[PDB]
>>> print(open('target_24.pdb').read())   # PDB, C-alpha atoms (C1' of nucleotides)
MODEL        1
ATOM      1  CA  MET A   1     -55.147-126.954  93.110
ATOM      2  CA  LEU A   2     -55.812-129.848  90.658
ATOM      3  CA  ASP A   3     -56.123-132.240  93.650
ATOM      4  CA  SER A   4     -59.152-130.230  94.934
ATOM      5  CA  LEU A   5     -60.788-129.766  91.474
ATOM      6  CA  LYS A   6     -60.855-133.533  90.725
ATOM      7  CA  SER A   7     -64.226-133.621  92.596
ATOM      8  CA  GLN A   8     -66.061-131.378  90.089
ATOM      9  CA  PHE A   9     -65.578-133.415  86.887
ATOM     10  CA  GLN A  10     -67.548-136.493  85.728
ATOM     11  CA  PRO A  11     -65.768-139.817  86.591
ATOM     12  CA  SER A  12     -66.390-141.136  83.018
ATOM     13  CA  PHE A  13     -67.926-139.627  79.816
ATOM     14  CA  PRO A  14     -71.779-139.692  79.979
ATOM     15  CA  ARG A  15     -74.195-140.631  77.144
ATOM     16  CA  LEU A  16     -76.533-137.636  77.682
ATOM     17  CA  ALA A  17     -75.315-134.063  78.319
ATOM     18  CA  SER A  18     -75.773-133.391  82.051
ATOM     19  CA  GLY A  19     -75.180-129.616  82.282
ATOM     20  CA  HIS A  20     -71.732-129.400  83.932
ATOM     21  CA  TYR A  21     -69.803-126.629  82.113
ATOM     22  CA  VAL A  22     -66.181-125.653  82.853
ATOM     23  CA  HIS A  23     -65.605-122.237  81.226
ATOM     24  CA  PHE A  24     -62.164-120.850  80.344
ATOM     25  CA  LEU A  25     -62.128-117.027  80.243
ATOM     26  CA  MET A  26     -59.224-115.738  78.144
ATOM     27  CA  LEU A  27     -57.741-112.742  76.449
ATOM     28  CA  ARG A  28     -56.059-113.845  73.205
ATOM     29  CA  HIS A  29     -53.390-111.167  72.619
ATOM     30  CA  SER A  30     -51.962-110.672  69.133
ATOM     31  CA  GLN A  31     -48.120-110.934  69.189
ATOM     32  CA  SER A  32     -47.243-110.824  65.488
ATOM     33  CA  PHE A  33     -49.553-109.820  62.658
ATOM     34  CA  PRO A  34     -52.368-112.442  62.426
ATOM     35  CA  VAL A  35     -54.600-112.465  59.324
ATOM     36  CA  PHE A  36     -58.158-113.578  60.178
ATOM     37  CA  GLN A  37     -59.491-113.377  56.619
ATOM     38  CA  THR A  38     -62.140-114.934  54.419
ATOM     39  CA  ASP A  39     -63.209-113.420  51.009
ATOM     40  CA  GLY A  40     -59.852-111.540  50.694
ATOM     41  CA  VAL A  41     -60.362-108.982  53.550
ATOM     42  CA  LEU A  42     -59.969-109.075  57.349
ATOM     43  CA  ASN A  43     -63.319-110.190  58.757
ATOM     44  CA  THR A  44     -65.149-107.278  60.466
ATOM     45  CA  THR A  45     -68.631-106.469  61.793
ATOM     46  CA  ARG A  46     -70.436-103.367  63.075
ATOM     47  CA  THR A  47     -71.182-103.600  66.811
ATOM     48  CA  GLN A  48     -72.208-101.209  69.580
ATOM     49  CA  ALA A  49     -69.056 -99.868  71.297
ATOM     50  CA  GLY A  50     -70.127-100.879  74.866
ATOM     51  CA  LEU A  51     -73.022-102.007  77.122
ATOM     52  CA  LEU A  52     -73.732 -98.539  78.695
ATOM     53  CA  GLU A  53     -76.536 -97.506  76.313
ATOM     54  CA  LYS A  54     -74.391 -96.035  73.448
ATOM     55  CA  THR A  55     -75.674 -94.495  70.207
ATOM     56  CA  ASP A  56     -72.097 -95.177  69.013
ATOM     57  CA  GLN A  57     -71.361 -98.017  66.543
ATOM     58  CA  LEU A  58     -67.905 -99.537  66.058
ATOM     59  CA  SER A  59     -66.408-101.801  63.346
ATOM     60  CA  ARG A  60     -64.518-104.630  65.155
ATOM     61  CA  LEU A  61     -62.412-107.502  63.823
ATOM     62  CA  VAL A  62     -64.083-110.947  64.155
ATOM     63  CA  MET A  63     -62.159-114.181  64.664
ATOM     64  CA  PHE A  64     -64.709-116.859  63.703
ATOM     65  CA  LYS A  65     -65.130-120.089  65.766
ATOM     66  CA  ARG A  66     -63.408-122.130  62.976
ATOM     67  CA  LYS A  67     -60.338-119.821  62.978
ATOM     68  CA  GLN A  68     -59.672-120.513  66.724
ATOM     69  CA  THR A  69     -61.103-124.044  67.331
ATOM     70  CA  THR A  70     -59.224-125.778  64.456
ATOM     71  CA  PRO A  71     -55.737-124.481  65.505
ATOM     72  CA  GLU A  72     -56.506-125.769  69.065
ATOM     73  CA  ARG A  73     -57.910-129.085  67.740
ATOM     74  CA  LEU A  74     -55.016-129.929  65.375
ATOM     75  CA  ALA A  75     -52.447-129.066  68.107
ATOM     76  CA  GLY A  76     -54.063-131.845  70.187
ATOM     77  CA  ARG A  77     -53.896-134.460  67.393
ATOM     78  CA  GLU A  78     -50.142-133.887  66.854
ATOM     79  CA  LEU A  79     -49.602-134.306  70.622
ATOM     80  CA  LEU A  80     -51.530-137.626  70.591
ATOM     81  CA  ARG A  81     -49.422-138.780  67.591
ATOM     82  CA  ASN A  82     -46.221-137.778  69.450
ATOM     83  CA  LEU A  83     -47.370-139.727  72.555
ATOM     84  CA  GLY A  84     -48.122-142.628  70.106
ATOM     85  CA  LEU A  85     -51.829-142.905  71.069
ATOM     86  CA  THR A  86     -52.866-142.336  67.409
ATOM     87  CA  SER A  87     -51.033-142.756  64.056
ATOM     88  CA  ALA A  88     -50.644-141.137  60.608
ATOM     89  CA  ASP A  89     -49.882-144.504  58.845
ATOM     90  CA  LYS A  90     -52.811-146.008  56.823
ATOM     91  CA  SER A  91     -51.680-149.546  57.875
ATOM     92  CA  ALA A  92     -51.914-148.875  61.677
ATOM     93  CA  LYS A  93     -54.848-150.118  63.873
ATOM     94  CA  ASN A  94     -55.095-146.660  65.608
ATOM     95  CA  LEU A  95     -55.246-144.480  62.462
ATOM     96  CA  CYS A  96     -57.095-141.195  62.740
ATOM     97  CA  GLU A  97     -57.629-138.752  59.800
ATOM     98  CA  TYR A  98     -59.138-135.290  60.393
ATOM     99  CA  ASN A  99     -62.237-135.067  58.093
ATOM    100  CA  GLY A 100     -62.941-138.141  55.855
ATOM    101  CA  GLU A 101     -64.167-141.727  56.443
ATOM    102  CA  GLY A 102     -60.786-142.440  58.149
ATOM    103  CA  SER A 103     -61.646-140.434  61.272
ATOM    104  CA  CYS A 104     -61.304-142.537  64.406
ATOM    105  CA  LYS A 105     -64.291-143.140  66.708
ATOM    106  CA  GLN A 106     -62.179-143.575  69.915
ATOM    107  CA  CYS A 107     -59.408-140.970  70.263
ATOM    108  CA  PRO A 108     -59.632-137.914  72.597
ATOM    109  CA  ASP A 109     -59.984-135.462  69.701
ATOM    110  CA  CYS A 110     -62.947-137.362  68.227
TER     111      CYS A 110
ATOM    112  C1'   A B   1     -80.954-136.071  64.991
ATOM    113  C1'   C B   2     -81.481-127.461  66.354
ATOM    114  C1'   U B   3     -83.055-126.185  58.116
ATOM    115  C1'   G B   4     -78.947-131.148  62.788
ATOM    116  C1'   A B   5     -73.900-134.199  63.996
ATOM    117  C1'   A B   6     -67.489-132.789  62.267
ATOM    118  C1'   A B   7     -65.949-128.095  59.243
ATOM    119  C1'   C B   8     -58.439-123.175  58.434
ATOM    120  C1'   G B   9     -60.073-119.215  51.661
ATOM    121  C1'   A B  10     -55.576-122.354  52.340
ATOM    122  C1'   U B  11     -50.601-123.057  50.400
ATOM    123  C1'   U B  12     -45.999-119.892  48.408
ATOM    124  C1'   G B  13     -43.991-115.109  47.686
ATOM    125  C1'   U B  14     -37.983-109.435  49.653
ATOM    126  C1'   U B  15     -41.707-102.952  47.678
ATOM    127  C1'   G B  16     -38.010-104.693  44.420
ATOM    128  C1'   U B  17     -34.040-103.045  40.962
ATOM    129  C1'   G B  18     -29.973 -98.225  40.022
ATOM    130  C1'   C B  19     -28.583 -93.671  42.152
ATOM    131  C1'   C B  20     -21.921 -89.279  44.726
ATOM    132  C1'   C B  21     -25.956 -83.869  48.925
ATOM    133  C1'   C B  22     -23.625 -82.944  44.229
ATOM    134  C1'   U B  23     -21.139 -78.401  41.752
ATOM    135  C1'   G B  24     -17.908 -73.419  43.160
ATOM    136  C1'   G B  25     -15.363 -70.795  47.110
ATOM    137  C1'   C B  26      -8.003 -67.592  49.448
ATOM    138  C1'   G B  27      -9.878 -66.850  56.879
ATOM    139  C1'   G B  28      -9.329 -62.590  53.670
ATOM    140  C1'   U B  29      -7.746 -57.485  54.275
ATOM    141  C1'   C B  30      -4.191 -53.408  56.988
ATOM    142  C1'   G B  31      -0.260 -53.399  60.724
ATOM    143  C1'   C B  32       7.889 -50.960  62.039
ATOM    144  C1'   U B  33       8.651 -55.213  68.356
ATOM    145  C1'   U B  34       8.128 -49.780  68.533
ATOM    146  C1'   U B  35       9.629 -45.598  71.917
ATOM    147  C1'   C B  36      14.741 -43.726  75.428
ATOM    148  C1'   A B  37      19.626 -45.114  76.697
ATOM    149  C1'   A B  38      27.527 -42.446  76.881
ATOM    150  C1'   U B  39      31.019 -48.928  78.003
ATOM    151  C1'   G B  40      30.680 -45.252  81.844
ATOM    152  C1'   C B  41      33.363 -43.438  86.323
ATOM    153  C1'   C B  42      39.768 -42.686  88.121
ATOM    154  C1'   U B  43      44.853 -43.877  86.707
TER     155        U B  43
ENDMDL
END
>>> encode(input="target_24.pdb", output="structure tokens")
Amino acid sequence: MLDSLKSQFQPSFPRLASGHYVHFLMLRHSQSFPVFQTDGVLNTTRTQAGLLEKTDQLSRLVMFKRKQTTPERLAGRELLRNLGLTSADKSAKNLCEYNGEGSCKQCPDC
RNA sequence: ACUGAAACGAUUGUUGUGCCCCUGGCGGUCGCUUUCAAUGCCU
């Protein structure tokens, strides 16, 4: 499989966005009691139940972009530190810190 | 530069501590192992 798909991707990262999108379609299944909260309650919104022309509204749980992207993002940074591509030590030449001035400008996460 | 670029309401926490299905209660009451029988027949 991966040997055939190597044609689709860019050969190096472009300056301008070119309009090649690889989309991952997933079902995230709860396995033990997640708590997607802000403001002290589980985040919810009213939605229509389904696309087939319903009158019927339905309160569904919302997992915000932050609540899923950051757990993916940070699990990449700890892998890069374990491979020794980036460092946690302030005296290293390949330091990367998640939010402040000390963010790298080179590493895969950035 | 989409009023733009990146953006975890988070960290920690035992529904806990004590508690006797407990107390009282007769398997009880009535009941004939009974009824009939030649140690017998001869010397």
>>> interface_residues(input="target_24.pdb", of="chain A", to="chain B", cutoff="7 Å", atoms="only C-alpha atoms (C1' of nucleotides)", output="count of residues only")
5
>>> residues_around(input="target_24.pdb", residues="segment 90-107 of chain A", least_positions_apart="6", cutoff="10 Å", atoms="only C-alpha atoms (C1' of nucleotides)", output="VMD selection string")
(chain A and resid 73 to 74 77 80 to 81 84) or (chain B and resid 6 to 7)
>>> resolve_selection(input="target_24.pdb", expression="the PyMOL selection byres ((chain A and resi 20) around 9)", output="list in words")
residues 8, 9, 10, 17, 18, 19, 21 and 22 of chain A
>>> resolve_selection(input="target_24.pdb", expression="the PyMOL selection byres ((chain A and resi 60) around 10)", output="VMD selection string")
chain A and resid 43 to 49 57 to 59 61 to 63
>>> write_last_selection(input="target_24.pdb", atoms="C-alpha atoms", output="compact mmCIF listing (two decimals), in the coordinates of the input")
# COMPACT_ATOMS: atom_id res chain seq x y z
CA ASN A 43 -63.32 -110.19 58.76
CA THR A 44 -65.15 -107.28 60.47
CA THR A 45 -68.63 -106.47 61.79
CA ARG A 46 -70.44 -103.37 63.08
CA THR A 47 -71.18 -103.60 66.81
CA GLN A 48 -72.21 -101.21 69.58
CA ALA A 49 -69.06 -99.87 71.30
CA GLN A 57 -71.36 -98.02 66.54
CA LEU A 58 -67.90 -99.54 66.06
CA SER A 59 -66.41 -101.80 63.35
CA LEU A 61 -62.41 -107.50 63.82
CA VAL A 62 -64.08 -110.95 64.16
CA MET A 63 -62.16 -114.18 64.66
